[PDB]
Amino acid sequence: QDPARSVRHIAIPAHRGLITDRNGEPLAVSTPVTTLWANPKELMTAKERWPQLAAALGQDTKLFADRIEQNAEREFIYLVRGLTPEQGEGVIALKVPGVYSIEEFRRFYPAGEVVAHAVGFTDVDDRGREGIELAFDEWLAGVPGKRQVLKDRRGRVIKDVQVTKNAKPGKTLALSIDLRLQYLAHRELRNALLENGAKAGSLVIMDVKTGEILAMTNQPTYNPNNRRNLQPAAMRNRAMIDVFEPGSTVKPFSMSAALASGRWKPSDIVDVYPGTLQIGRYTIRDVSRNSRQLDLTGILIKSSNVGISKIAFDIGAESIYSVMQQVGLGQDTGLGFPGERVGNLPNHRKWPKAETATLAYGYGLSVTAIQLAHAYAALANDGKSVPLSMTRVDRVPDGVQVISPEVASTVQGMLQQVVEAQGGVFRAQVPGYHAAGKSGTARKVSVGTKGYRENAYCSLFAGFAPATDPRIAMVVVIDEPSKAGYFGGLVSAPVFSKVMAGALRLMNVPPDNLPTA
């Protein structure tokens, strides 16, 4: 009986779609590779050739011979996947019976580590594994073809009957990222990390008018063309997967809820003396404690938890929760890519006072840097939230009004004072422009469950520019800076300054800090 003939179907591998940046710079490029395979049934008739084949493949003579012997009844085995066509030619040139070529594709990432977390990469089979490669795998992958062949009793092809399905290439995908801004960001987050002996960080740049991610970089990073060094940590797209308590960076949202309540205007006053406020067993504390009356701007400039807490008791936590939720903090109303974390916004039917105050000044919730950037974009875009995109946006979808335009404009001008006023975050100033934002510094949650660590910090700055016609929102998050000065305004705000400056200049944004004309 046995088998004199077989009909089988072998794949025609398809060309995966080019990934570019928003200007057509290649970021992921399908590269011709040569996969060597062999038919053991045919190899078995030419043993005298095996040693020169094993040497060609960098394999021990005996272990190779053992492998072939052990698979003598099979018709297919991989020798090696993914060598260059030049190297596959070197093995093919030996003319060993039963050794064959498949012309395949494998990815190359020309920007390497610079954009590795955003682009992601493919597995051994050329299917998306992380990032864009995975999120847009159906678009990029295309469909492999199918060829019907006739085969004899030892797996040798007698004839190509027909192509049953044509291979169709995957489609080109242009990201929203500008590789020039991405590089700038990369380099400046890298430098600040090193300068501060920090463990990790992220930076996200968004177009506030289009919802586009113009840049997304994290440290540590890795070279996606050589993933031998293997370290899982370095592969984390922290901007999208690592949640943190945003601390004082959410105070502009609490303030938007105050302004919207009917009960507060910027020039109203809060008594924050003596810099602490007891709430049953918990004490709210400010870092600087030489204040009494502060106006609402001043509460943001000095970053008083007490002042923001007293506002929150007056307007109620529900209003603050609603703002945070509407801007996307702890919500799944972002990109929603595979692997992305949502974080968490605590909810209560009856908010106790401690939870009300902590929410208002940014603890008891957890958000990602992308969320925080998107929230800042909505504030900067006169309270309108344009849907997030990682792909180039030619037709901008409709924004949703999440904060009233007047409230958003009032809070903008407060955040510009936070940067520009005496006692403010002067290091966030952007030469040429008016900039606006908010610093944050949060003690990290103690690892073995519990509470907080007195040694370890997350250093934040979030903002936008130009303050008077906003274009760009940006978040800089630096995890465990290790020097004397660890405050957001020392650590993160200068990175904001430099990367915002570069980005506005790259985008030809006209200066708006000009003598009053």
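In this text, residue numbers run from 1 along the sequence as written.
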Averaging only over Cα atoms, indicate whether 204-212 or 79-87 has the higher B-factor in the PDB entry. 79-87
Selected stretch [higher average CA B-factor]: 465-473 or 63-71: 63-71
Take the CA temperature factors straight from the PDB entry and tell me which of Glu133, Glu406, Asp394, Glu195 peaks. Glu195
Can you tell me which of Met255, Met414, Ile284, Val445 has the highest Cα temperature factor in the record? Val445
For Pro481, the third of its chain by CA B-factor is the middle
Chain thirds by Cα B factor, record data; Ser291 belongs to the middle
Could you say whether, by C-alpha temperature factor, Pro32 belongs to the lowest, middle or highest third of its chain? highest
Chain thirds of CA B-factor: placement of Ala503: middle
Ranked by Cα temperature factor within the chain, is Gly364 in the lowest third, the middle third or the highest third? middle
